[PDB]
Amino acid sequence: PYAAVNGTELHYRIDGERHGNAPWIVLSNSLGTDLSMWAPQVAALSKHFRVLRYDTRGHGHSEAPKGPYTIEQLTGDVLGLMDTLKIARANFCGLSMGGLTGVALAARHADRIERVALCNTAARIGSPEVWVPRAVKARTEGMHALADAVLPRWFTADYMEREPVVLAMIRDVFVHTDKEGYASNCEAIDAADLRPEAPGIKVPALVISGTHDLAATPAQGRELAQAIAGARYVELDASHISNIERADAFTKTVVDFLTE
Amino acid sequence: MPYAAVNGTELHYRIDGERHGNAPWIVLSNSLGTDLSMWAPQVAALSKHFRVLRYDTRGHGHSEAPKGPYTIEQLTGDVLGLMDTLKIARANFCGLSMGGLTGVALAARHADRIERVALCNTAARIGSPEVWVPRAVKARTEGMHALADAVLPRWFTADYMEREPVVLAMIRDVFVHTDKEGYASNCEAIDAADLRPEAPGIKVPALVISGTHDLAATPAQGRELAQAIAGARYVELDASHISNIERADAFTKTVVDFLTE
Ligand SMILES: CC(=O)CCC(=O)O
């Protein structure tokens, strides 16, 4: 399944009661992942929602158009996807760059968003010292070279040692991400600072951060939550891909929040 | 992502290791209801010694699901057409379940295309009409969620499943999103393939890996397979049917030492 959205082709995947009547949840992935990263949440979510997952532009089985990409393109893909599938309004749960997209969507397109879960993210993620070298390395050396540095930021060393099959699966998706699509998203993320509009988010919002997350910090998640009136901040004992390392605690947090 | 139009279909494939290097090739072939992510625990170790080709079997993953039923000849020709497309002249081959079955066909009917074969959680005749006929009906008329609850417990021991809920969820996600017609047509292929008369004809070094808890393809069938094949060797792992996941480390080691001996 693929949807032509902005003259760009996105791979997507639906779970839950299709004939049924349940609210939608849209899930939005981290840089260097694909929609498989949400597999631990799919069962619980499916009990309450129709679930829409997709591969972000430049990722997974989606197209990689010419970059640099921008936050507005990443926001527009989600809206266009929902347009295509005739989803008038949905809950939204995004991780890292997925959370950043959630910020833009919630601030600017609340008529399309019911509730927002903003996970392992910040209103402004990283800095040019992170994103510029990362995009050069991606472009000039390929993704295999990048995995060694990036993957340790995603999971604690204990989790990786204990779970070499999960790590190998996640690493395989990262290392096979289109290097240009990857760099072009590095550019979108670096260019995006949504700090000015976080305070304009008026939908119910949950911010999840990982205690051990160095890519988007607990301080950043608290800053994001404090900007949003009524936002709830939850910290998990995890690093950056918290929905995997702490799947049960993540899933329970998000489901409880969304079914309020 | 990479696709090749081959044998009258389109297959999604993936290459690891230096693709223009000089290391021998290895082609991996997946189980029914999986996609090429199932071999992710082996990729790192095999990339050290080999150029690695993985692919989504027809009806699976991101490959096309053409009109079924499928046959063991379509499945074999798929591997061959992919190799041909990549200019791969010969390769080691490691297949799990229907992948191991494909590997028996390939090693028997295409010895010159094959270096060494690892035939994993498999048999020269897998299951029986009493399993495959209702399976195909169920997949086609009820969809894959229904099948997942019956099939998945046959792939891992209870304890692994309890200990490894993230691995299970990811494997289940691929299984439940398999095209149902694609899956049923492969059921038909496997049920029709009885490679037992052809196995004694295999001329290349073979390794047979079986899981002591595998009910879908048994140790006993693993031994018969190994005994049909001149010089084949048999190794049994403390696992059920998807042994390259449940006992990844031992599986990897076994396959690597055998293929590089
Ligand atoms: C791989 C599959 O879907 C069936 C295997 C079995 O007979 O249990």
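Per the deposited record, the coordinates in this entry were obtained by X-ray crystallography to a resolution of 1.90 Å.

What follows is about the overall build of chain B. Within chain B, the secondary structure is distributed over 11 helices and 8 strands. Relative to the compact-globule value of 18 Å for 261 residues, chain B shows a C-alpha radius of gyration of 17 Å, a close match. C-alpha atoms of chain B, sized along the principal axes, occupy 45 × 40 × 40 Å. The burial tally for chain B puts 61% of its 261 residues in the buried class. Put simply, of all contacts in chain B between residues at least 6 apart along the chain, 76% involve residues at least 24 apart. Taken as a whole, chain B presents about 9600 Å² of accessible surface, with 51% of it coming from carbon and sulfur. Charged side chains in chain B number 26 positive and 32 negative. The centres of these two groups are separated by 4 Å.

What follows covers the sheet that holds strand β5 (residues 90–95) of chain A. Residues and elements named next belong to chain A. With respect to topology, 8 strands assemble into an open sheet ordered β1-β2-β4-β3-β5-β6-β7-β8, the strand pairing being mixed. Since the sheet does not close on itself, it has two edges, and those belong to β1 (2–4) and β8 (232–236), each with one partner. The mean angle between the axes of side-by-side strands here comes to 25°, regardless of whether they run parallel or antiparallel. The sheet contact formed by β1 and strand β2 (residues 9–15) spans 3 bridges and is antiparallel.

Residues and elements named next belong to chain A. For the pair helix α4 (residues 128–141) and helix α5 (residues 143–154), the least separation of the axes is 8 Å and the interaxial angle reads 145°. Between α4 and α5, the residues in contact are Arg 134, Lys 137, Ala 138 and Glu 141 and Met 143, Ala 145, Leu 146, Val 150 and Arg 153, respectively. Here the residues of the contact of α4 with α5 are counted per class, giving 5 nonpolar, no polar and 4 charged.

If you check UniProt for "domain: AB hydrolase-1" (unreviewed entry), the listed places come out as residues 23–246 of chain A in our numbering. Across residues 23–246 of chain A, helical content stands at 47% and strand content at 15%; the span's end C-alpha atoms are separated by 25 Å.

In the numbering used here, UniProt assigns the feature "domain: AB hydrolase-1" (unreviewed entry) to residues 24–247 of chain B. Each end of residues 24–247 of chain B is marked by a C-alpha atom, and these two atoms are 25 Å apart; helix forms 46% of the span and strand 15%.

This brings us to the interface of chain B and chain A. The interface of chain B with chain A comprises 24 residues on the first partner and 26 residues on the second. The interface formed by chain B and chain A holds 4 salt bridges in total. Here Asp172(A) and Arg54(B) are joined by a salt bridge, their closest N and O atoms 2.8 Å apart. Along the contact surface separating chain B from chain A lie 9 residue pairs in polar contact.

All names here are of chain B. Taken together, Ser 31, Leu 32, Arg 135, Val 151, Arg 154, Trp 155, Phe 175, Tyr 183 and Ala 216 make up the full set of residues adjacent to the ligand. In this structure, an oxygen atom belonging to the ligand sits 3.4 Å away from a main-chain N or O atom of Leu 32. In the model, an oxygen atom of the ligand is placed 2.8 Å from a nitrogen or oxygen of the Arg 154 side chain. Burial of the ligand by the protein amounts to 97% of the accessible area it has alone, namely 270 Å². Tallied by class, residues from the shell around the ligand come to 6 nonpolar, 1 polar and 2 charged.

Quick look at the pattern of salt bridges now. Residues and elements named next belong to chain A. In the structure shown here, the tally under the stated rule is 36 salt bridges over all chains. When the shortest N-O distance is used, the salt bridge between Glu 260 and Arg 232 registers 3.8 Å. On the criterion of sequence distance, the pair formed by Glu 260 in the segment after α11 (247–258) and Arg 232 in strand β8 is long-range, its members being 28 residues apart. Between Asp 256 and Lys 252 there is a salt bridge, and its shortest N-O distance comes to 2.8 Å. Highlighted residues: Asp 256 and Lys 252, both in helix α11, separated by 4 residues, approximately one helical turn.

Definitions and limits used
Residues numbered from 1 in each chain as written, not as in the entry; some residues may be left out. Chains lettered and ligands numbered in written order. Heavy atoms only, no water. Helix = DSSP H or I, 4+ residues; strand = E, 2+ residues; numbered from the N terminus. Rg over C-alpha atoms; globule rule 2.2 N^0.38 Å. Buried < 20%, exposed > 50% of the residue type's maximum accessible area, 1.4 Å probe, protein only. Contact = heavy atoms within 4.5 Å. Areas by Shrake-Rupley, 256 points an atom, 1.4 Å probe, with all protein chains shown as cover. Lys, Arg positive; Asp, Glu negative; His and termini not counted. Charge placed at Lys NZ, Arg CZ, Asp CG, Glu CD. Pairing = 2+ DSSP bridges. Axes fitted to C-alpha atoms, helices over the stretch in contact; angles between N-to-C directions. Nonpolar A, V, L, I, M, F, W, Y, C, P; charged D, E, K, R; others polar. UniProt positions renumbered as here; feature names shortened; annotations may be inferred. Salt bridge = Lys/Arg side-chain N within 4 Å of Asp/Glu carboxyl O. Polar contact = N/O pair within 3.5 Å; in protein donor to acceptor, adjacent residues only side chain to side chain. Near = heavy atom within 4 Å.

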